[PDB]
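To start, the structure under review is shown below, and the notes come after it.
Order as written gives the chain letters A, B, C, D, E, F, G, H, I, J and K; numbering starts at 1 within each chain.
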Amino acid sequence: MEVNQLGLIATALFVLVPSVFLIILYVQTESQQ
Amino acid sequence: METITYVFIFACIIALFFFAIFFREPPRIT
Amino acid sequence: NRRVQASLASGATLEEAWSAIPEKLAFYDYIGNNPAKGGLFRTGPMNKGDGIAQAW
Amino acid sequence: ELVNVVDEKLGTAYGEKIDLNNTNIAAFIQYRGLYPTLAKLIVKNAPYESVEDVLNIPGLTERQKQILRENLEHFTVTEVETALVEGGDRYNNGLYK
Amino acid sequence: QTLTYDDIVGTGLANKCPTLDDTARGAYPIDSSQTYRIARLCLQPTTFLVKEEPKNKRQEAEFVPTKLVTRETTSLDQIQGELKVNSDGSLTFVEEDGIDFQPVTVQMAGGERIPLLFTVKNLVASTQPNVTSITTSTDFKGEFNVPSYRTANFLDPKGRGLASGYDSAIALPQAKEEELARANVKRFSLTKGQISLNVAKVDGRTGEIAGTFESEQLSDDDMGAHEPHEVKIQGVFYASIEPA
Amino acid sequence: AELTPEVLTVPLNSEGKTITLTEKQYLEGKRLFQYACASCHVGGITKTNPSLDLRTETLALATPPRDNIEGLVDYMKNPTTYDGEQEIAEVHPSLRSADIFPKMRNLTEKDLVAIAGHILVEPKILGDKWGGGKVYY
Amino acid sequence: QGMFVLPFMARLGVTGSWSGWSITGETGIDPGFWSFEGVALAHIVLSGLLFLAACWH
Amino acid sequence: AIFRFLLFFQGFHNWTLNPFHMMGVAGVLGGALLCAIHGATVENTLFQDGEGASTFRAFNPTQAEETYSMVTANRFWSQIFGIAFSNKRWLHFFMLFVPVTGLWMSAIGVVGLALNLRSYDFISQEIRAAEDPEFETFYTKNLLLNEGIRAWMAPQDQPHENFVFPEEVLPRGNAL
Amino acid sequence: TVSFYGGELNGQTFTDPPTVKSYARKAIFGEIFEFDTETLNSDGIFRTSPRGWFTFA
Amino acid sequence: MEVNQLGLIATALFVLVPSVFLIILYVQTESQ
Amino acid sequence: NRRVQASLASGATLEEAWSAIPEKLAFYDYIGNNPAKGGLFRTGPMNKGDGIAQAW
């Protein structure tokens, strides 16, 4: 299908950026205790 | 590429189900 | 229309009355430039849709 | 080169009269005495090379021939168009109300 | 023993043509002073073969086998018409009426669906000269009409059709139309097919015959959208003959 | 607008004589049409043969013209095809076939006039809607 | 066509697809379960069972 | 009149395709679910605090004690569904959060529709469909329906436009 | 029939029904323009302007 | 320039993934 | 070449001798299928380079 070529990077960054944010916060929470 | 993307996300959600159930923070009483 | 009538009343032919219409004015009288013809996920310039206008 | 043959047919006498070779049978209701008996005979015996040919349908009573003569000026013939005669579309072209 | 509807329903037997007993090796005499008709012609396909496109130079791909996916809906039956005698002793069957078409779609290796209008519409089939008896060596050869698989009212998924529907790609209002002409202008094809009926059994007493057929015709072209395929169909037939 | 005598005036015959119905007759005709006819002829179409409607221009071109009280009353007694070539009492309700269409049994001559009158009045009120089908709903 | 694992399945005897083609060009063939698709499916299933085995250990 | 508003938004805006409406749907149905599952859970994890078959009387609005077992409720849902609430404050905040957020999302999509900024089409679907008359999806089937709605209700629903659509221009499938 | 006054088709008349219909399908958009769709690989579907995008945001 | 379209995603992930790795490890080192 | 020399021995024309060579065998005699003709960042299938072979 002739889909928008930037939809892939849009989607990948849309997932990756906020997920990484949460993982950073979680792991440094665990090393506190 | 869009099919791979759709199935990849869906598979990530199923793996998350596995961890949320079997690797949850256990609820402890008082 | 106001200008075509004006050109005609002073005796210009149909071809002359309409050839005097600036293209820029004609380009406004075209729904492709109406801002309420878009869509949320139709991205980019208007040229990406109907194209780069070349001539009236 | 690629032409919609039905649109093209609307530019012929088919687009203004009852084409004895192509029009769907429901159009014979627009003139008195034609439907259903003569319309049936007409459709079954198409095609016709001339409008006059319908008067030579074997079995016409003299009154049926009189009704045809009265209506000959509302008739036409054009070349059979496969798209309009296949599928039995002359008896039912899928149009109701 | 003649079966009832309630004996047939759901068995798939309704799609099969009547068989003749293996003893039925008679001959049916033809009196040219008499007139005859086929009271029932039944054709039952067993094999659908589709010709492949070898794409290269001089190879001409062969007919490959296909899988039927539209189930027990394939047989032509209740076909009737004149069985004439010609001035050379040949017989010609002229098809008049009957259930003379079945839409079929078979699937090729690789998943392509090939739909086709299996038909003998307007069949005219003739024997050799000087027949005088229909025997277990009589052959009928004929040709028939293959109208468009869809008729003129058919609307494609974007609402475009021939005698109805849109005349353009309305979801692409300012796209260039030249590239879309093949899919925007529907066309009603009408092509010929060829058929051989080979008689292998004859009940001389009853006028029943049975045997084998091969026909060749064109598949669906989707109202001129794409090029058709060539299809070979093999099966069995049954016909019953009567003095007209 | 209202149900004036002008709209309640419909042809009696082909000769050109006319008749003015009453509002009583109209409502009675509408009710009897609904009782005996509407299941096939709702809104002036024919559900079981849409090629033949109850528009006045259609009734006019029928053989026996049926665009008048007489023709319509005769039709409910001895219905024929559109060209008048065959009688169709066996497949169409009528007094001739009231044995096989039991709803016609208790219709009086007066009832027929009202049913016919309603059929002739109704396109004068609704116009294209009468006999036009869903396009005009 | 840049096929990388297809030839290793072909090498050891897997030659056909459930859609009826084979890499030798023969059409109309029933490969049974052990088609290109069946081998792939088996590795996916096997991968999932090893996943569970890993959690247990 | 509100029903007509619904159908208008389908035929003209293809509003069901709008992800902002879908989030509103998930918020409204999510709320109603939460509502029913929370009330049901409490009513079937009640403590026996009175003696009668009517369990309503056995509650005093000034008692300090919880009137149902959060512990048993958590076990039940953990074993039925996999996960369960364990924090009563989070649970009740979540019940605020879900339908409020859902409604806010649908409002945003309506703001877009003020401008005809619809999520009307998928361009990839249309390019294929125009070129390939055998390609059909539930997406193309629903636009045909939209086109029917528009042409058949517009003359009467927008009378100031004096739309006259003769019978021959009306989009219509076979027979109907 | 369709006749053009001014512009690029000035003084030209068209009578073949498919061509005349083609311009009538464009006339519903107002005035008729020649577009370059190749350079941007334009898909043919109307987009909103900066006025629309600004207002929406 | 007629470049590779997957070039953008390859470069972006090439930076993003290992960098996130290191950031995760650095932040949880700091909070202990 | 062996096969060509043989066909001419058996008395075929140049056209006949060369028309008897299978396309598969000629396709091997082509440097585009030489594995040592690529590049480290030229990515994808060989059809992405010289194209999809259609005929000899």
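The criterion applied here is as follows: a residue touches a chain if its C-beta (ideal position, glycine included) is under 8 Å from a C-beta of that chain, and two chains touch if they have at least 3 such contacts.
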{"item": "Chains most often in contact, by C-beta pairs", "value": "C-I"}
{"item": "Rotation in the CA alignment of subunit C with subunit K, degrees, nearest 5", "value": "180"}
{"item": "Subunit B-subunit D separation of Cα centroids, rounded to whole Å", "value": "69"}
{"item": "Mean-CA-position distance for subunit J and subunit F (Å)", "value": "82"}
{"item": "Subunit D-subunit F separation of Cα centroids, rounded to whole Å", "value": "29"}
{"item": "Where subunit A touches two or more other chains at once, by residue number", "value": "1, 3-4, 8, 12"}
{"item": "Contacts with two or more other chains, residues of subunit F listed in rising order", "value": "135"}
{"item": "Sequence positions of subunit B contacting 2 or more other chains", "value": "none"}
{"item": "Touching residues (chain side subunit I, partner subunit C) in the complex", "value": "5-8, 10-11, 28-37, 39-49, 51-52, 55"}
{"item": "Residues on subunit D engaged by subunit F in the complex (per definition of touch)", "value": "26, 29-38, 96-97"}
{"item": "Interface residues, subunit E side, partner subunit K - complex", "value": "55-57"}
{"item": "Subunit E-touching residues of subunit G, taken from the complex the two chains share", "value": "19-21, 27-29"}
{"item": "Partner subunit I, residues of subunit H touching it in the complex", "value": "111-112, 115, 117, 121, 123, 126-127"}
